[PDB]
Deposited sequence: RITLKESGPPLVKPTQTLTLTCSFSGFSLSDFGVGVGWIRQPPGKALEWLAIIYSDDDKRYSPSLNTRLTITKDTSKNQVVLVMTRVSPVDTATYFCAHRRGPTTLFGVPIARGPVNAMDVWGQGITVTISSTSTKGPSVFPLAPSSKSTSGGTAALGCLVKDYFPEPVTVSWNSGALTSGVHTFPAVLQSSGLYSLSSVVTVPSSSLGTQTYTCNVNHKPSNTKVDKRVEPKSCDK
């Protein structure tokens, strides 16, 4: 049946242009009234309508982003392209392209969506993280601050995977510096503080950076 898939650069520089391509099958932009639209979603935010193009090259853009967007279609390749100019960190989001049925009611929706492509806007270069302790002093909490790395993702385990219960590895936040920062914590018996050892194992594959940080009071 119908399927769509977004492709393009996962990383883009502030000020630069973002070019995304929607390749589809199971239908064709020739068949009357058919549309292919673009919708974005900032991490944890709501869906935002961007633009849509139809079989007859008819076109519509979101008013607010109109002077920054350009949408085209190539019938020879069953692809729809979206070009967004002068991007900034706020454009960081997941971009989805979707299909809209043509006049056979059923036109009132976007029935099939692509998996979506994650795009991150940062002026940053690949960089390994610095790993700092979140020291503890009934239940006690302790952890590791995995700071200033790029790009996602990074992995964190405790005691080489032997420690899993009570672990909370938080979603990373993209700082204004363009570098990520994330924390991983684990809750344990205060009585265990003096005998058991706690070490977070950090791995940032992108930079081939591995760090083992032993944490204590």
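Unmodelled segments of the deposited chain, in sequence order: 105-113, 147-152, 233-237.
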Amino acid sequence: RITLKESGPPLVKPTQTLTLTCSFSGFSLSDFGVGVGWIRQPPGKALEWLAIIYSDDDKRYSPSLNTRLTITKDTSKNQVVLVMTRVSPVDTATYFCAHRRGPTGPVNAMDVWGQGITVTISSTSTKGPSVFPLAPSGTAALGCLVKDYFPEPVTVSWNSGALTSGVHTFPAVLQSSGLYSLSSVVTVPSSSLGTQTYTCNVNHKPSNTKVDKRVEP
From here on, numbers count along this sequence of modelled residues.
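Among other compared entries that model residues flanking residue 195, a third or more give it no coordinates. Residue-level annotation: residue 137 lacks coordinates in a third or more of the other entries compared, counting only those that model residues on either side of it. Checked against the record, the higher mean CA B factor of 142-150 and 85-93 lies with 85-93.
Here the stretch with the larger average CA B-factor, out of 125-133 and 76-84, is 76-84. Residue-level inspection of the entry shows that, of 162, 182, 34, 51, 34 has the top Cα B-factor. Ranking 21, 195, 208, 201 by Cα temperature factor from the entry places 195 first. Placement of the Cα temperature factor of residue 27 within the chain: highest third of the modelled residues, per the deposited record. Placement of the Cα temperature factor of residue 63 within the chain: highest third of the modelled residues, per the deposited record.
Ranked within its chain, residue 41 lands in the lowest third, by CA B factor from the PDB record. Sorting the modelled residues of the chain by their CA temperature factor places residue 174 in the middle third. Annotation for residue 6: C-alpha temperature factor in the middle third relative to the rest of the modelled chain, per the entry.
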